[PDB]
Each structure stands twice: as C-alpha cells, then as structure tokens.
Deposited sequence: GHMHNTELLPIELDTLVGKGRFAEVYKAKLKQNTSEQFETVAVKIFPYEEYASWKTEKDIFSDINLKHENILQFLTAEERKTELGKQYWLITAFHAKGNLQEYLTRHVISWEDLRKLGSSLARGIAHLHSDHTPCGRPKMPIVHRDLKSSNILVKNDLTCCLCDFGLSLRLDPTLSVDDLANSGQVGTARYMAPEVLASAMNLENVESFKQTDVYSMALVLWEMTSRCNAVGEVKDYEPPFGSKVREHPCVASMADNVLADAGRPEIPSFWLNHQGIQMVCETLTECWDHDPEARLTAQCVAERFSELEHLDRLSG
C-alpha cells in the first residue's frame, strides 16, 4: 500500500513538519512532508484540504497522497507532493535579483492562487469550500520552474465551514512578522468570516513588497531583507510587531525612485491598498489578480 520512496535530503522545515526531497520508484522526484505523531492534527488538516477535488489548481502545490509510516520507535505521518527544485520564494529572492517580467509572473500567480483559495466556486462554476491560509509568507510560497508561485503549508488554514462558531473563530495564530494590524490588536471582526480573507490579503501585500524590493526594474536593488527586518528581532513577538504595524502604522519602505517605472508604480499602489489598516479598505485577491492582468 505504501509507495516505494527513498528520502534524500532535508530541504525545509515548516511549523509542524520537516520537508525532504525524495525519490519515488516508478524514479520521479517528490517532496515528502513528515509530521511526528504529536502534530497529527496538522497532518489531518492539510490532508483534508488537499483531498478536496475542488482545490486542484496550477497555483496550489500538486498533492499525490498521504501515508502513515510506522518507524522502529514510533509512527510518522507523511504528505507526498510534486517537488519544486527552485524552492521557497524567500530563499529565491535572497539568492536572485528578478526582472520586471519575473515580478509580473510571480505576483500575478500569487494573487491568482490566493483568489482561488478564497473562492466559493471552482474556475468553471461548481461550489467550492473557501479556505483562508492564516500563515502566508515568502518562506512557504514555492517557485515553480516557470517562475510562477504555488501555495502550500495549510496546517493553520481554516475551511470557511458554515458550522464554524464565534467561540471557534476566536481560538492569535501565525507568524507575527506577517500578521495584519487587526490580528496583532486582537480586533478581528468575527461578525463575518470575510475578516479572515482580509488578513491573507495583508500578508500577501508584504510578500508582493518582498518581490518588488528585489526587482531590477527599479535600478539599484538592496540585499534581500524580510519585511520589518531592521525594526524587530529575527523572531519578533506580537508586542514588538504591534509597536510598528498598529501603533506607528508602519509598513515596509517604498522609496520614491521605485515609482519611476510605470509597472512598479502600479504594483506599489496595489500592494499599498492591500496593507491598509482597515481590512474592509483592502482589495480582494481577485482584484489584485485583475490589476495584474491589466499590466
């Protein structure tokens, strides 16, 4: 029943699991995400999301199967997917300076992926369960060979099920650096689940800024730095982030010279709307995808 897999190299580490490059005898290269028994609930959450036939999309990591693997001293829970050699976006931007064409491809594919995740329908019209990521960041966005993005790392994700209770939506997850000001404030408007989609758009705005910051179309490009890199610790707490994002209304810097390029100007204007203090003022991911198609 178990696939003939040989693990090769540890390539990543997520919040709940380690990620390995592996060989699948058929040999095809695959990614194997390994969850220890104590993170079973996160393995089950990701398995449930990936098992929905309505999720499959070019900008969502291609899922193969889930497995339970007995070890000599316990049991592991695996998820096996396609492997993207270029790896995660944070590392890609750290190592590379990207072109305007690259930024267009990466930014538009990220917006299309989030719009699909949030959608209550498939691209054809069938009802689909909307999903909110809740921990979107450059380190868990994958770069495909054709320089388009694909999403993964759904352990904190929420299926927007009509059965969700108010006492269930209110029980501060995710990466502090990428938390929207209402998340840092514990001020999410729980009267509508649309509040959760708005938090993903904020995090997406920070990632679009990271991509823009490494785009040679502006001319002189600085070495990559995470959003708020010089303002807070390497692993900042919610309090230090709230000092910046909420109290100081702080956002990553957009130097005026970047706006000299017509394309960069449009991207900067769009991502600025997406990181507005007011979640209701942000554009939707679908709006952002449309803005990119207009370029």
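J.: Comparing the deposited sequence with the modelled residues, which stretches have no C-alpha coordinates?
T.: Gaps vs deposited seq, in order: 1-6, 33-37, 183-184, 309-316.
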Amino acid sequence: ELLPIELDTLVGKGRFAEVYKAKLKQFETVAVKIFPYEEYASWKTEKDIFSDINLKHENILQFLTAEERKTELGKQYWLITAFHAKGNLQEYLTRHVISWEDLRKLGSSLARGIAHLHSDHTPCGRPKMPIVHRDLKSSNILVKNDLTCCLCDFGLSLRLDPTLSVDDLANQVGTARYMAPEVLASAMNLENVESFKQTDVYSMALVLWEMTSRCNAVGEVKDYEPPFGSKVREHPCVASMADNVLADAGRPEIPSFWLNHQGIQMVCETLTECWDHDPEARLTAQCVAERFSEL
From here on, numbers count along this sequence of modelled residues.
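In this text, the rigid core denotes the largest set of C-alpha atoms whose superposition between the two forms falls within 1.5 Å.
J.: If the other structures are each fit on the rigid core, which stretch ends up farther away in C-alpha terms in 6 other deposited structures of this protein, 221-229 or 118-126?
T.: Comparing 221-229 with 118-126, the larger C-alpha deviation in 6 other deposited structures of this protein belongs to 118-126.
J.: Between 6-14 and 276-284, pick out the one whose C-alpha positions differ more from the shown form in 6 other deposited structures of this protein, using the rigid core for superposition.
T.: Between the two stretches, 6-14 moves farther in 6 other deposited structures of this protein.
J.: Over the set of other compared entries for this protein, does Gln265 lack coordinates in at least a third of them?
T.: Modelled in all the others, so no.
J.: Note whether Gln26 lacks coordinates in a third or more of the other compared entries that model its flanking residues.
T.: Yes: coordinates for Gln26 absent from at least a third of the compared entries.
J.: 179-187 versus 68-76: which one carries the higher mean Cα B factor per the record?
T.: Comparing averages over the C-alpha atoms only gives 68-76.
J.: Would you mind comparing 29-37 and 248-256 for me and telling me which has the higher average C-alpha temperature factor in the entry?
T.: Comparing 29-37 with 248-256, the higher mean C-alpha B-factor belongs to 248-256.
J.: In terms of CA temperature factor as recorded, identify the highest of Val201, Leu93, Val221, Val207.
T.: When the deposited C-alpha B-factors of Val201, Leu93, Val221, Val207 are compared, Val221 is largest.
J.: Between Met241, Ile53, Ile49, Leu61, where does the Cα B-factor run highest in the record?
T.: By C-alpha B-factor in the record, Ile53 ranks first.
J.: How does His277 rank on Cα B-factor within its chain, lowest, middle or highest third?
T.: It falls in the bottom third of the chain.
J.: Using the temperature factors of the C-alpha atoms in this entry, rank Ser119 within its chain: lowest, middle or highest third.
T.: Middle third - that is where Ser119 ends up once the chain's C-alpha B-factors are sorted.
J.: Thinking about Cα B factors across the chain, which third does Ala17 belong to?
T.: Tercile = lowest for this residue's CA B-factor.
J.: Can you tell me which third, lowest, middle or highest, the CA B-factor of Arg126 falls into for its chain?
T.: Its C-alpha B-factor, which the entry lists for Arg126, ranks in the highest third among residues of this chain.
J.: Sorting by Cα B-factor within the chain, modelled residues only, which third would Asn171 end up in: lowest, middle or highest?
T.: For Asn171, the deposited C-alpha B-factor lands in the highest third.
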